[PDB]
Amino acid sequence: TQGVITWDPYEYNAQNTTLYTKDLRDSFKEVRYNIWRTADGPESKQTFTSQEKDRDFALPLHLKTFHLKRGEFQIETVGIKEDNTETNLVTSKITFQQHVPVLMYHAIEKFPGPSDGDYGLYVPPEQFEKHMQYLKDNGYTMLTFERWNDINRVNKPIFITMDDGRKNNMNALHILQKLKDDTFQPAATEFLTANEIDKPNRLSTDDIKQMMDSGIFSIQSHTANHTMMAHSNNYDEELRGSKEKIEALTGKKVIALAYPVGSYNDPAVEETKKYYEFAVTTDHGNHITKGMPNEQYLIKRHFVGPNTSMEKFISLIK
């Protein structure tokens, strides 16, 4: 209950910092740091002692000691005076941002086409189950934006997203429901294009109530009319109106957007910012929180489709 823990600024992808303890009224000869990874968690713990003083008990921390695993780390400090008595100083948290892949699916059906959409949109149910089982077999934690803050608090975080709200997405629910067990708790996000709800080949209101009632799905916005936002300025109908339509259906808060076609620019982000906490793109790559401005409205996603080999799929979620 005494003092405060500070550290040296680092960049998002850095592996090292020097953290030091400050503002103690009593005078100490050394400080002991008890540090552990929130995910692993307290049972895994490592102690480092800074006999180093004059420089506020600086400690050079490098993730190599933690095997370069990343995320949130907890720090407990205890001060040892000239008399060898011990005093509990303060608890802190330091975070080293972790990469999170976000997979973009669309239809979970065998291609019947052309019909609705191109072949690239249609992952057969068997392929999708193989992906989901792989995440089950390799200890992935599936997250949605209600749990955004946990990416640095869990092992192997991953977001599984689906765009458009196509009716064959109920096959995805069943696939997830059947893999649901005491060990594996699945979560996914569905982005509805609002004005297509209860249209042919789109999820029904009952479809959504079911997906919502399983505890697996987060229901979010895909715009009202699958509009390309960089080329539109009807923000009100497409951003705000879409959100309120879904919200009036679900009864749950809508906080995330997925730009149709991946189309966006600065004015559309500034307008998205007014109505959403997160927005997701089709920009290729993993997501990392780098500290960039508005970066939570430009989240990078991976395209997964019928021609995605398992080997490549695996390379994506590495």
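Each residue number is its position in the shown sequence, starting from 1.
In this entry, 207-215 shows the higher mean Cα temperature factor of the pair 207-215 and 160-168. For the two regions 221-229 and 106-114, the entry's Cα B-factors average higher over 106-114. Among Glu129, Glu82, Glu244, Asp236, the highest C-alpha B-factor in the deposited entry belongs to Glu82. When the C-alpha B-factors of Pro267, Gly262, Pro42, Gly285 are read from the PDB record, the largest value belongs to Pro42. Compared with the other modelled residues of the chain, the Cα B-factor recorded for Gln46 ranks in the highest third. Sorting the modelled residues of the chain by their CA temperature factor places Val78 in the highest third. In the PDB entry, a CA B factor belonging to the highest third of its chain's modelled residues is recorded for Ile5.
In the PDB entry, a CA B factor belonging to the middle third of its chain's modelled residues is recorded for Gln133. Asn294: CA B factor lies in the middle third for its chain, per the PDB record.
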